[PDB]
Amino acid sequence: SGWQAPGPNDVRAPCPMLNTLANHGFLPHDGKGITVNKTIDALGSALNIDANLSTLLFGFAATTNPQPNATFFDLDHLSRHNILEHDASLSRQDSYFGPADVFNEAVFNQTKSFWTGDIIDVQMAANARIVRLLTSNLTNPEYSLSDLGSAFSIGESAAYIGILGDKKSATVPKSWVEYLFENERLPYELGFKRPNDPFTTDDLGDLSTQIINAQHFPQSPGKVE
C-alpha cells in the first residue's frame, strides 16, 4: 500500500527523490512520459514544491530527452552523463567507474561518514559534498564538473535539507536522509510530513548560498562554487 519497487520494464534516474516519487506513484511508476503538468502535480502533491520551481526543474529535465525540444522526459534520460548527471554524487559512482544511476554503497558510506550527528546541518551537508568533489578529482582521471553540474551539486545538498527537513533552521534528521537514499521511499514512519509552506526557487537559492558560505578552503581546488 503506497509504494512498489520498480520492475524489469520501469526506468529510474540518478535522482533519489524522483525515483522515490515514481516508487510511490506521484510520478508514473514506470518512470516514463513525464510532462510539465505531471511534474508540477507530483512535486506539489508529495513535497509542496511550488509550480515555478517545478517548471524550472522540468525545463532542465526535458534537455536530457534525446528527442530535441521535447515536452516530456523519462527518468533514465536524466542518467545521461554530463547533461544534468555529474561526477562527485553523494550516493552514485562517477560514470567513469560504472553506472552513475543506481545507489552505490561505497560512495554513500563516504557521504554518511561526514554526517556526524543525528541532525544534519548546513555545515555537515557542505562538508560531505566537498569531500566528494575532492575524492572524485583525485580518483577519476575523467573527472569533470560543468557550471551547470556545480549548480546542481550545490542545489542537491540544499534540496535534501530544505525539502525533506526544515528550511528555516536549515536542518534535517540524518535518519530521514539515509532512509530516502537507501530505500527510495519517503520516511513518513520516521517522522517526515509534507510541509504546509511551499518550497520555492528563492528557498533553494537561500540554502545554496548557505552551503557555499559553509565552505572554508584556504585556497579552492577547482570547481567548488
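Numbers follow the displayed sequence, beginning with 1.
K.L.:
Going by the B-factors listed in the PDB entry, is the mean over the C-alpha atoms higher for 62 to 70 or for 189 to 197?
P.N.:
Averaged over C-alpha atoms, the B-factors run higher in 62 to 70.
K.L.:
Where do the C-alpha atoms have the higher mean temperature factor in this entry, in 162 to 170 or in 40 to 48?
P.N.:
Here the higher of the two C-alpha B-factor means belongs to 162 to 170.
K.L.:
Looking at the C-alpha B-factor values in the deposited entry, which of 112, 77, 129, 86 comes out highest?
P.N.:
Top of the list by C-alpha B-factor: 77.
K.L.:
Place residue 14 in the lowest, middle or highest third of its chain's C-alpha B-factors, as listed in the PDB entry.
P.N.:
For residue 14, whose C-alpha B-factor we compare with every modelled residue in the chain, the answer is the middle third.
K.L.:
Considering every modelled residue of the chain and its Cα B-factor in the PDB entry, is residue 134 in the lowest, middle or highest third?
P.N.:
It belongs to the lowest third of the chain when residues are ordered by C-alpha B-factor.
K.L.:
Of the three thirds of its chain by CA temperature factor, lowest, middle or highest, which one includes residue 220?
P.N.:
Middle third, going by the recorded CA B-factors of the chain.
K.L.:
Among the chain's modelled residues, which third holds the C-alpha B-factor of residue 122?
P.N.:
Residue 122: CA B-factor falls in the lowest third of its chain.
K.L.:
Of the three thirds of its chain by CA temperature factor, lowest, middle or highest, which one includes residue 101?
P.N.:
Middle third - that is where residue 101 ends up once the chain's C-alpha B-factors are sorted.
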